[PDB]
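One structure is given here, and the rest of the page talks about it.
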Amino acid sequence: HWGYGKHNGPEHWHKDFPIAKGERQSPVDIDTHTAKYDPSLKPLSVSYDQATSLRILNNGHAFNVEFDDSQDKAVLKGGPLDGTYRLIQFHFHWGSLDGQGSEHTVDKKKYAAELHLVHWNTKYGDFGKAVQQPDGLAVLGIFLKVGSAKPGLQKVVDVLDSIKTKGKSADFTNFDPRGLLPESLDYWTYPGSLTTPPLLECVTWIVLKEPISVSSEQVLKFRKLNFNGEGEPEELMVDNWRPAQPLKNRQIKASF
Ligand SMILES: CN[C@H]1C[C@H](C)S(=O)(=O)c2sc(S(N)(=O)=O)cc21
Ligand code: MMC
Ligand SMILES: [Zn+2]
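Numbering (the entry's author numbering), first residue to last: 4 to 125, 127 to 260.
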């Protein structure tokens, strides 16, 4: 089954998921000089004050912090979006070394990791129905660069010992996502897909311009995780990111 190694990595995915070669695949390189400023793009409205985190899970390719989405508790609206999208989970993609890790790149520059906050469109009623629609999901992507510690990331970093291997999970309540946001909410946006199998083309990507800083030791603990399940040969969870895909005539719009 798919992964990120030599034999099952991004370049092999088309064999089982033919949409890998589709028309609106993500991630893409964001060229700042070709992105078009769009004056009608509204400001983002992130309402995460009533968020309820539940669990953190190692799923064999990243770790997910999951949220209670049975009511409009943590939602995203405004921006390029029509309607309310609920936060269901967030995860990261990171590298083995600080100069690679992000999925989206800006003028070919790669950051150390990328945070994806995944939201689904409430008019479709549940997550499974939202992935059957071209505007079913909105993912908020935030870049991470090594520098000063991000205090709001530390609670996540400390629980990672408990979910070292594939399939382990831990209770993770009362985590507040607002501590992972940069100061500015300027963004680029384009229509894309999930960046892992099943690679469904249902996503409106909102990639924030401003990165958050994390310390070198915060990023180092991400790299101690395992793709493997307990009692198998250890394979460090590093480089779980997909190379950029062809933009193919889509336009990237900027809110600034
Ligand atoms: C296997 N993980 C995929 C299936 C999950 C059900 S999901 O649709 O929540 C997401 S969102 C996501 S990403 N990297 O594009 O943000 C990847 C996946
Ligand atoms: C079409 Hg999702
Ligand atoms: Zn992701």
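The beta-carbon is built from N, C-alpha and C at its ideal position, and this holds for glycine as well.
Could you check where the beta strand (DSSP E) with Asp162 kicks off and where it finishes? If you look at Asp162, you'll find it isn't in any beta strand (DSSP E); it sits in the alpha helix (DSSP H) that goes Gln158 to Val163.
Cβ-Cβ distance between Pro30 and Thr199 below 7 Å: Result yes, Cβ atoms of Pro30 and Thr199 sit closer than 7 Å.
Just curious, the alpha helix (DSSP H) that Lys225 is in, first and last residue? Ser220 to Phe226
Please determine, among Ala258, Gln255, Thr87 and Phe131, the residue with the shortest C-alpha to C-alpha distance to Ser50. Out of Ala258, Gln255, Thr87 and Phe131, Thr87 has the C-alpha closest to the C-alpha of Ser50.
With DSSP as the reference, label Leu184 as helix, strand or coil. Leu184 falls in the helix class under three-state DSSP.
Taking all protein chains shown into account, do 16 or more other C-beta atoms lie within 10 angstroms of the C-beta of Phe260, making it buried, or fewer, making it exposed? exposed
Per-residue DSSP class, three states only, for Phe95: strand
Whole angstroms is fine: what's the gap from residue 263's alpha carbon to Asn253's? In the structure as shown, the chain begins at 4 and stops at 260. Residue 263 is therefore absent and cannot be evaluated.
Tell me where the beta strand (DSSP E) around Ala174 begins and ends. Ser173 to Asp175
Which stretch, first to last residue, makes up the beta strand (DSSP E) that contains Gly81? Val78 to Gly81
Within its chain, find whatever has a CB closer than 7 Å to the CB of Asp175; leave out the 5 residues flanking it on each side and keep chain order. Residues of the same chain with a CB within less than 7 Å of the CB of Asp175, apart from the 5 flanking positions on each side, are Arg58 in chain order.
Hey, would you say the C-beta of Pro250 is under 6 Å away from at least one heavy atom of ligand 2? no
Straight-line CA distance for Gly156 to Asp130? The C-alpha of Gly156 lies about 29 Å from the C-alpha of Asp130.
Helix, strand or coil at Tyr7 according to DSSP, with G and I counted as helix: coil
Distance, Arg246 Cα to residue 273 Cα: As displayed, the chain neither begins before 4 nor continues past 260, which places residue 273 out of reach and without an answer.
With distances taken from CA atoms, which of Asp34, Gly81, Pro83 and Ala77 is nearest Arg89? Closest option to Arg89, Cα to Cα, is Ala77.
Between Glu205 and ligand 2, is the CB less than 6 Å from at least one heavy atom? yes
Answer with buried or exposed for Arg27, where buried requires no fewer than 16 other C-beta atoms within 10 angstroms of its C-beta. buried
Here's the rule: buried if 16 or more other CB atoms are within 10 angstroms of the residue's CB, otherwise exposed. What is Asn178? exposed
Proximal residues to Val150 (C-beta, below 8 Å), its chain only, five neighbours per side dropped: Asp101, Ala115, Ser217, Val218, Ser219, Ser220 and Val223
In the structure shown, what three-state DSSP assignment does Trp245 receive? coil
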